[PDB]
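Data first, discussion second: the structure below is written as structure tokens.
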Amino acid sequence: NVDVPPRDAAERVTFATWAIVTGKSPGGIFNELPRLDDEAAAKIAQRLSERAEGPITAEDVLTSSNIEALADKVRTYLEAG
Ligand SMILES: [Zn+2]
Ligand SMILES: [Zn+2]
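In terms of full-length UniProt numbering, the sequence shown opens at residue 1370 and continues consecutively.
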């Protein structure tokens, strides 16, 4: 199995935001994500909300299995902008 890098704007910003806040890259868009504390989840959510210009919550971040899933939420906002 091989890591899949981010494919579009939504995946790149989501992947990068996760890595920046936690200090560790998710590896790829399908990799299982490590568990976060609520502060890291809130920061990721705030940053994604600002960039996507739509509401992304700490719960959205916490319930995402991988970056692809979280980026899907971000993508819905980018295409509606
Ligand atoms: Zn890897
Ligand atoms: Zn998808």
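We treat Cβ as the ideally placed atom computed from N, Cα and C, and that holds for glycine.
Short of 8 Å in beta carbon distance, which residues of its chain neighbour residue i, apart from the five on each side in sequence? Order them along the chain.
{"i": "residue 1383", "result": "1375, 1417, 1436, 1439, 1440, 1443"}
Near residue i, what residues of its chain come up, given a Cβ to Cβ distance below 7 Å and the 5 sequence neighbours on each side ignored?
{"i": "residue 1395", "result": "1384, 1387, 1388, 1402, 1436"}
{"i": "residue 1409", "result": "1390, 1391"}
{"i": "residue 1372", "result": "1396, 1397, 1400"}
{"i": "residue 1421", "result": "1443, 1446, 1447"}
Tell me which residue opens and which closes the alpha helix (DSSP H) that residue i is part of.
{"i": "residue 1429", "result": "1427 to 1431"}
{"i": "residue 1448", "result": "1436 to 1449"}
{"i": "residue 1377", "result": "Residue 1377 -> no alpha helix (DSSP H), and no H or E assigned at all."}
{"i": "residue 1394", "result": "Note, residue 1394: premise wrong, no alpha helix (DSSP H); not H, not E."}
Closer than 5 Å to ligand 1: residues, by C-beta to nearest heavy atom, in chain order: Every residue whose beta carbon comes nearer than 5 Å to a heavy atom of ligand 1 appears here in chain order: 1372, 1396.
Distance cut 6 Å, beta-carbon to ligand 2 heavy atom: residue list by chain order: The set, ordered by position in the chain, is 1437, 1441.
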